[PDB]
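Observations on the three-dimensional arrangement
So you can see what is in the structure, the chains are spelled out below.
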Amino acid sequence: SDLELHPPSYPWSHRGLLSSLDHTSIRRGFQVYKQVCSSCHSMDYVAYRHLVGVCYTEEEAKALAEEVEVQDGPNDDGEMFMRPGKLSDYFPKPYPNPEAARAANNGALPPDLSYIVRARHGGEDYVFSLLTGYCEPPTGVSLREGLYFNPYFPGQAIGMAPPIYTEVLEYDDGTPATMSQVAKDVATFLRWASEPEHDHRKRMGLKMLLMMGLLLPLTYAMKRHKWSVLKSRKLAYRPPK
Amino acid sequence: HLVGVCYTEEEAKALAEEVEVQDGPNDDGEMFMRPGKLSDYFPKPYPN
Amino acid sequence: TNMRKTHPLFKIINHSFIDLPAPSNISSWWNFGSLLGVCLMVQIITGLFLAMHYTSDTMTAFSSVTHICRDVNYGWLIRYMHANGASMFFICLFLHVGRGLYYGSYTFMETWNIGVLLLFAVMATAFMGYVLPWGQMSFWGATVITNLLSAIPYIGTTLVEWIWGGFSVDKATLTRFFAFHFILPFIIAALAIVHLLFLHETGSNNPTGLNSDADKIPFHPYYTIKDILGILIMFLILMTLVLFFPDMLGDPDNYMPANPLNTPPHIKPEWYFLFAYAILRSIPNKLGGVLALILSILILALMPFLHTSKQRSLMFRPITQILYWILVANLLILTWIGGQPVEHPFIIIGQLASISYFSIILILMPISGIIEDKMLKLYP
Amino acid sequence: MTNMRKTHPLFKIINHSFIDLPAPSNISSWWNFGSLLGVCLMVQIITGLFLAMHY
Amino acid sequence: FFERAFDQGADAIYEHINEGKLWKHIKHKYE
Amino acid sequence: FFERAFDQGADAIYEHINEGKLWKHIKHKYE
Amino acid sequence: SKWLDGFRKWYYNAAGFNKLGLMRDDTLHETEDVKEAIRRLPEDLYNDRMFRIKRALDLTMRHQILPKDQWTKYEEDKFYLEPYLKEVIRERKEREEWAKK
Amino acid sequence: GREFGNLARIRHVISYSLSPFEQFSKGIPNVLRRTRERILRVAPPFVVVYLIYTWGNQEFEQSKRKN
Amino acid sequence: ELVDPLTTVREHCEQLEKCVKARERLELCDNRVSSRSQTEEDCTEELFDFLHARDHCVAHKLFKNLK
Ligand code: HEC
Ligand code: HEM
Ligand code: HEM
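Reading the values: the criteria
- Residues numbered from 1 in each chain as written, not as in the entry; some residues may be left out.
- Chains lettered and ligands numbered in written order.
- Part of a larger assembly, values for the part shown.
- Heavy atoms only, no water.
- Helix = DSSP H or I, 4+ residues; strand = E, 2+ residues; numbered from the N terminus.
- Rg over C-alpha atoms; globule rule 2.2 N^0.38 Å.
- Buried < 20%, exposed > 50% of the residue type's maximum accessible area, 1.4 Å probe, protein only.
- Areas by Shrake-Rupley, 256 points an atom, 1.4 Å probe, with all protein chains shown as cover.
- Contact = heavy atoms within 4.5 Å.
- Buried area = accessible area lost by both parts, 1.4 Å probe.
- Salt bridge = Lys/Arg side-chain N within 4 Å of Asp/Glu carboxyl O.
- Donors = N, O, S within 2.8 Å, 3.2 Å for Na, K, Ca; no water.
- Tetrahedral: all angles 85-135°; square planar, octahedral: opposite > 155°, others 65-115°.
- Near = heavy atom within 4 Å.
- Polar contact = N/O pair within 3.5 Å; in protein donor to acceptor, adjacent residues only side chain to side chain.
- Nonpolar A, V, L, I, M, F, W, Y, C, P; charged D, E, K, R; others polar.
- Core = buried A, V, L, I, M, F, W, Y, C linked by side-chain atoms within 4.5 Å.
- Domains from an automatic or database assignment.
- Disulfide = S-S within 2.5 Å.
- UniProt positions renumbered as here; feature names shortened; annotations may be inferred.
- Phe/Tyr/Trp six-rings, centres within 6.5 Å; stacked < 30°, edge-to-face > 60°.
- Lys NZ or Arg CZ within 6 Å of the ring centre and 35° of its normal.

So, on to the overall build of chain D. When helices and strands are tallied, chain D shows three helices and zero strands. What you see in chain D, going N to C, is helices and strands ordered as α-α-α. Computed over the C-alpha atoms, the radius of gyration of chain D is 17 Å, more than 25% above the 10 Å expected from 2.2 N^0.38 for a compact globule of 55 residues. With respect to the three principal axes, the spread of C-alpha positions in chain D is 55 × 35 × 10 Å. Within chain D, buried positions represent 5% of all 55 residues. With an accessible surface of roughly 5,100 Å², chain D has 72% of that area assigned to carbon and sulfur atoms.

Laid out in structure tokens, this is it:
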């Protein structure tokens, strides 16, 4: 049963060549990550100073640094110094080591999700299908305890339960938190985790496109001039016979 | 750096295990003690 | 009296770049090697930036790659030019070698030998630079190539000892990889200088293969503005790859950190090594496989000795044109089989395609050449 | 038969700059410092490589 | 005298084609 | 037939000049 | 020999060098034996050969061909360099036989 | 050494070249003639590669079928 | 409660012919492997076929309902 289903193509708001990310949905899926999805998974490569200008303003995102109570650690006196968080700190890890993560969440490692779009096939479509496509197990297959059926996962036995359901969250901007909306928002934010470069990349993309379309016929006309001096040449042979 | 210069291997191990050196964290997350080994540096009286 | 022919720097520039006689009928393919030259320059520029914020310390090496992608401004852009410029480098290199095989340019023997030395060097630098970002795929490819190098009798042991530097994964391996990946592109630039110098005394080949001393033009300003146009087009395609589809050529599985205990379900390098990997999926022998890869690359160097026809280019040779195009066809078949899992029926397609590739290089072009020789009344 | 040292495309540069280059006979040791400067620069870069590729 | 106008024209057509999702469009909401 | 004798002679004059001072001279009472 | 004659005519038509106004002997790769046989040519055939080569070069510069009325026909293709070439291989093989002995 | 002046002994050849400042109905039949001449040498290799690719994909998904 | 704009969608286009024959052969594999006991046969492949057809159908017509 090693055969797998590739995720379908979804009409995302950033599917186009010059289409940006829904930054409101970016901050919505960030809230989704903070209140439910950070219980097992980790973001070791994303800091709080990347959220300014993307999700929130300078102040309130800084306010989130006090809501999580991160801890730095050692100093001269040797005790374990309590301190509130700041914008220069990364997202908090849930487990001190991988084998405590496996032992406390049923043998399976909830890996780093900063590059989980980029490291798996399909991309955000696979994340959306895996989060939404939770169905009952069919006949024949006999999974053990704690393992749930999901046909998009390789092996069709995902180590996590379905985390999202009806009225599981509420949003600050007033959006009905259904399963499809919460999965789309977390997929869009979790796509931004691998690519915080998207808008500036497409900015340089159309700047490059306009500059290339301006400067290519100029060199083409120059080449055509400096070779049309040659292509008008007619040659004649006049032997003495 | 003292093996083969002034002390043997077991003498350096004894001098290291005489020294208590800070480490951490463990699976629970405390920044605890251990007896020393060769790769540990010399203990600072006052780092600040 | 003029500064272009009495000043030594301007005399060198005029003699090697301005008043050099060139054929007036060379197509756009002759731009490609010049593109390769400036492609080298692009990587060196990005190499300078990758000397800035890269550490050779495994976990923090991957962390430094992520910091280059995030923390350094326009650092993600430099990393993506480095990757997609390696891809564009191998595109231009493959088309350069295809020009050399097609238009009879292999008759320049020492230029061909400097070229194949450059090609070994640049494949080594590309694989070794693939090891440096330290993903799972780079780890598993590095272990496969180092075990294959250790499979040779009594020679590969000291190479693994010098390269790995210890009992297992340690920092010395990545420092020596970074040192070799730093050093060998400058040797590539030196052999490119020798490549141009060996080209300079014999002139450039025209696509017709005839002696082009009857019609020759100065390099400036024709091929100067032609190479400028080619450089602008290559920059457009490279920046389209960087700024719009940054990872359509890159393997997605490289971007999660390396774990030696797990086994990935499909080991894969980039596409420009994949056909060679198809040879590694062809025969079930270790030293036979290394000999197969080495001889499959070195058969380009043995190719100028297999020219049995009395005419140089393939422009007037239709049967050998058909043979060359099915050669490009089954090379594309190898580079598609290399990115496929080892199952039925990919094994028979890969084995017959490797056998057909070796036959279409080695044994069948002399027969086609003597057939071409006989059909025009010149063969005994 | 041709002379290899005077017809090779790479070796005529090295012998015209190194082998059959005419130099004054009465040159003292001071000019040799110039050559020393060159190799001194080289070993600096070598040590500089050893100050970056491991460090 | 051409490149800054080029940059702002490319930027302006970028917010024209992409409306309602960039961060610069919700400056009025929070500041 | 000279390099091993070269290194051996240089080492031999090194502990002849520095007799009773290096670590190998005092690997008796400190082991 | 009607099988060989028609196939030779078709292969001459599909070879492509008659479309740029060349004879067969202009298409040969210029080795030292071919260059020696070129050096033994009379002046008129030499001038005809270099004009035909130059016409080929600036015809394929424009990626064009000659009109069909003035293509090099099969019956008028003259093997002018062939006896000089045969003489050159005869002297070279005689020289290598004398060097072997 | 290989400069202009000792290249070749071209004799009795006249060349006329206009100034570049004094100067698609013609190029379209030219590129049509070029692709008509080269299509029979280029295309059937890539055609048979496309057939082998489709057949190999079909047989791989048939081997994955358990019946 | 908030009803999903997904359960109004993936059962919206359940009436297609390919979907109903996929569910019919899913019922067929279910009752033929409920008939037999000691075999190790699994019904999974047309489950992926039904999921592929239904996933393409829902990916056609989902995103305009969501905000
Ligand atoms: C604890 C109950 C978790 C919650 C809360 C979330 N995830 Fe999870 N996830 C968890 C485990 C133990 C695993 C490993 C599964 C295994 O069999 O090893 C996962 C895996 C994923 C994956 C797939 C990764 C892979 O290797 O294929 C994804 C895409 C994923 N998780 C996403 C995800 C999201 C978006 C979450 C917030 C809604 C989330 N997870 C929460 C455990 C737990
Ligand atoms: C001497 C100059 C060079 C230096 C210092 C250098 C350094 C590096 C470094 C540090 C990396 C890892 C970071 C990254 O992956 O982006 C890297 C990656 C790489 N380099 Fe280089 N490099 C140089 C030249 C080249 C050249 C000439 C090539 C082409 C042959 C090349 C091919 C690659 C490839 C393929 C990668 C992997 C990119 C990827 O993971 O996608 N490098 N190089
Ligand atoms: C390392 C990258 C390379 C660079 C930078 C490079 C550079 C160049 C340059 C500048 C030219 C002259 C212009 C031209 O004809 O295109 C050239 C020609 C040539 N190169 Fe390379 N080259 C490279 C790789 C190779 C390789 C791998 C080979 C061997 C297959 C090769 C063989 C040739 C030949 C035979 C010519 C002569 C073709 C002609 O002038 O018509 N080159 N190269």
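In many analyses, interface size is given as the accessible surface area lost on bringing the parts together. On the side of chain C, 36 residues touch chain A, which itself brings 35 residues to the contact. Both faces considered, chain A and chain C share a buried interface measuring about 3,400 Å² in area, 67% of it formed by carbon and sulfur atoms. The largest contributions to the chain A side of the interface with chain C come from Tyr45(A), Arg118(A) and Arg201(A), which together make up 20% of the buried area. At the junction of chain A and chain C, the tally comes to three salt bridges. The shortest N-O distance in the salt bridge between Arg49(A) and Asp71(C) comes to 2.9 Å.

Let us now look at the coordination of the iron atom of ligand 1. All names here are of chain A. Within the protein, the iron atom of ligand 1 binds to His41 (NE2) and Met160 (SD); these donor distances fall in the range 2.0 to 2.4 Å. Coordination at the iron atom of ligand 1 comes from six donor atoms whose angles at the metal span 85 to 178 degrees, giving a geometry best classed as octahedral. Separated by 119 residues along the polypeptide, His41 in the loop between α1 (23-37) and α2 (58-67) and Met160 in the loop between α4 (124-132) and α5 (179-194) bring together distant segments of the chain.

Turning next to the site of ligand 3. Residues and elements named next belong to chain C. For ligand 3, the set of nearby residues contains 18 residues, the closest of which are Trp30, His96, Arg99, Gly115 and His195. Side-chain polar atom of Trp30 to an oxygen atom of ligand 3: 2.6 Å apart, as the coordinates give it. Looking at the shell around ligand 3, the elements that each hand over two or more residues are α2 (32-50), α4 (75-102), α5 (109-131) and α8 (171-200). When grouped by side-chain class, the residues that make up the shell around ligand 3 number nine nonpolar, eight polar and one charged.

To continue, consider the pattern of salt bridges. The tally for this structure, following the rule as stated, stands at 38 salt bridges over all chains. With a closest N to O distance of 3.5 Å, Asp215(C) and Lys54(G) form a salt bridge. Note that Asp215(C) is positioned in the loop between α8 and β2 (216-218) and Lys54(G) in helix α3 (residues 43-61), a pairing that runs across two chains. Of the two residues examined, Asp215(C) and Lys54(G), each falls in the buried class.

The next point concerns the nonpolar core. Here is a general trend for soluble globular proteins: nonpolar side chains tend to be buried in one another's company. One finds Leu77(C), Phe90(C) and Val242(C) to be the most contacted residues of the largest nonpolar core, which totals 109 residues. For this core, the element with the highest residue contribution is α4(C), accounting for 14 residues. Residue-level mapping places this core at the junction of two domains, with at least three residues from each of domain 1 (1-196) and domain 2 (197-241) of chain A. Membership of the second largest hydrophobic core comes to 43 residues, among which are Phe91(A), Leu113(A), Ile116(A) and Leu66(I).

What follows covers unusual backbone geometry. Look at the link from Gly24(B) to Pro25(B): it is a cis peptide, with omega at -5 degrees. Turning to its location among the elements, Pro25(B) is positioned in the loop between β1 (20-22) and β2 (33-35). The omega angle of the peptide bond from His344(C) to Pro345(C) is 0 degrees, so this bond is cis rather than trans. A positive phi is found at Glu167(A), a non-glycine position, where the angle reads about 60 degrees.

What follows is about the site of ligand 2. Residue and element names in this part refer to chain C. Near ligand 2 there are 22 residues, and of these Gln43, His82, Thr125, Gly129 and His181 occur at the shortest range. In this structure, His82 approaches ligand 2 through a side-chain N or O atom, which is 2.8 Å from a nitrogen atom. Between ligand 2 and the protein, one listed contact pairs a nitrogen atom with a side-chain N or O atom of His181 at 2.7 Å. For the shell around ligand 2, the elements supplying multiple residues, two or more each, are α2, α4, α5 and α8. Along the lines of polarity and charge, the residues of the shell around ligand 2 split into 14 nonpolar, seven polar and one charged.

Residue and element names in this part refer to chain I. Between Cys13 and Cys57, where UniProt places a disulfide, the sulfurs come within 2.0 Å of each other, which fits a bond. Of this pair, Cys13 sits in the segment before α1 (17-35) while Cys57 sits in helix α2 (residues 45-60), and the two are 44 residues apart along the sequence. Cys57 shares its class with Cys13; the two are buried. Sulfur atoms of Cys29 and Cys43 sit 2.0 Å from each other, so the disulfide annotated by UniProt is realized in this structure. Taken together, the residues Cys29 in helix α1 and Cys43 in the loop between α1 and α2 connect sequence positions 14 residues apart. The residues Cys29 and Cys43 share a single accessibility class, namely buried.

Glancing now at the packing of aromatic side chains. Counted by the stated rule, this structure contains 52 aromatic pairs over all chains. A centroid spacing of 5.7 Å and a plane angle of 40 degrees characterise the contact between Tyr54(C) and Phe178(C), whose relative ring orientation is tilted. Separated by 124 residues along the polypeptide, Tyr54(C) in the loop between α2 and α3 (58-70) and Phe178(C) in helix α8 bring together distant segments of the chain. Across the pair, exposure class does not vary: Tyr54(C) and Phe178(C) are buried alike. On the numbers, 6.3 Å between centres and 25 degrees between planes, the contact of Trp23(E) with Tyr30(E) is stacked. Its relative accessible area of 10% is what places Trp23(E) among the buried residues. A relative accessible area of 29% means that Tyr30(E) is categorised as partly exposed. The ring of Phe79(G) carries the charged tip of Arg24(G) above its face, separated from the ring centre by 4.2 Å.

Further remarks concern the arrangement of the chains. The interface with the most contacts, out of 12 pairs of chains in contact, is the one formed by chains A and C. Chain E makes no contact with chain C, the minimum C-alpha separation between the two being 15 Å. The least C-alpha distance between chain F and chain H, which are not in contact, is 52 Å.

Structurally, the position occupied by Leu352(C) is in helix α13 (residues 346-362). Measuring from C-alpha to C-alpha, the distance between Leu352(C) and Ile163(C) comes to 35 Å, with 189 residues separating the pair along the chain.

Under the counting rule described, the total for this entry stands at two disulfides over all chains. A disulfide bridge connects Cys13(I) with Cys57(I), and the sulfur atoms are separated by 2.0 Å. For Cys57(I), a relative accessible area of 13% translates into the label buried. Covalent S-S linkage joins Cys29(I) and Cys43(I), the inter-sulfur distance amounting to 2.0 Å. Here the disulfide of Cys29(I) and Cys43(I) is left-handed, its torsion about the S-S bond being about -70 degrees. Residue class for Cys43(I) comes out buried when judged on its relative accessible area of 4%. Free of any disulfide, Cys135(A) has its nearest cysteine sulfur in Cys43(I), 12 Å distant.

Next up on the list: the side chain of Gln136(C). Positionally, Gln136(C) belongs in helix α6 (residues 136-150). Looking at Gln136(C), the relative accessible area reads 4%, which means it is buried.

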